[PDB]
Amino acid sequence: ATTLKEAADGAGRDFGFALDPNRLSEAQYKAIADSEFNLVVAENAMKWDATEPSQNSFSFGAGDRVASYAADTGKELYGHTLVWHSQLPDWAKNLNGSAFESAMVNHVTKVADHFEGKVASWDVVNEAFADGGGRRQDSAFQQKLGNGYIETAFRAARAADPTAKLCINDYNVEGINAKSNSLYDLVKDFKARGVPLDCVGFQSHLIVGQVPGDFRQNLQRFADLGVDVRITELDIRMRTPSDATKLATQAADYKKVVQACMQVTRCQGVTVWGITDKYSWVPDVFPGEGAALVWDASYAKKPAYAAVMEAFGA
């Protein structure tokens, strides 16, 4: 292989990226998107704020643009995300009880129906758990609906889309810890009772030099529950500006993550959360941090590029 797409294709695995469809008009961005990935996810275009800005009024143009991009380029389409506490519109926050449950169900149903037969997998529920174990403590869904909302969401998604792979997704669940144990318990429970659930997403927003050593073992125990696994939002952030040492450690870190996936038969692949450092979410959330992606802000390949190629087997 000479490209990351070629390495992943050759390995029989997915290598995806988070797309902002507005950046498609930047030709260098499009060139890399077209040639370097075999899967695409909408970074923002399929979230609740982006799809249902007022109650039962849907805006699918941006998500459709991502879907059409996937179909036109022959890439697998991954859906993100039906239920997530973050950036939920105020109209939804203002609802309670059965009115809120109904809005959630209607959102799942309408969005899943709209993209049916295009989106191959959904993050049905995103970030349900708390660092340190148990349920997230700042979620409208948890607060208004309690424990059962996850099962409700998965069943509604299956009702709408009989075949799509239905995933639950989270961060800080890459190692074996209280948070991933809570997640593991739910997955095992869902599979034991026949709640629709096919996959688990490991966001893998990691810090340079700190890839969990038990990542493979964790991915494997999940796969062994009878579900697929995926690295969904990989980036590996460092203190800026980058230097040779940090770039080398970052490359080694990318290799470790991709290798952990390669080493688990039901790991579908790895999706990186963007193309270029120019557009990464990291600097705005974490001041003084960044340079987390495979291409720098001028779209030059970083040492992480070779490391990803090598890990997929090339």
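Residue numbers here begin at 1 and follow the sequence given.
Averaged over Cα atoms, the B-factor as recorded in the entry is higher for 177-185 than for the other of 177-185 and 118-126. Mean C-alpha B-factor is higher over 95-103 than over the other stretch, the pair under comparison being 95-103 and 157-165. When the C-alpha B factors of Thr109, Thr73, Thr232, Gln217 are read from the deposited coordinates, the top value falls at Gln217.
Highest CA B-factor among the listed residues (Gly79, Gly201, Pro241, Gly148): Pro241. Ranked by C-alpha B-factor against the other modelled residues of its chain, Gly16 falls in the lowest third.
The deposited CA B-factor of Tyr279 belongs to the highest third of values across its chain.
Remark: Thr152 belongs to the lowest third of its chain, ranked by C-alpha B-factor as recorded. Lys144: CA B factor in the middle third of modelled residues in this chain (values from the PDB entry). Among the modelled residues of its chain, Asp253 has a C-alpha B-factor that falls in the middle third, as given in the PDB entry.
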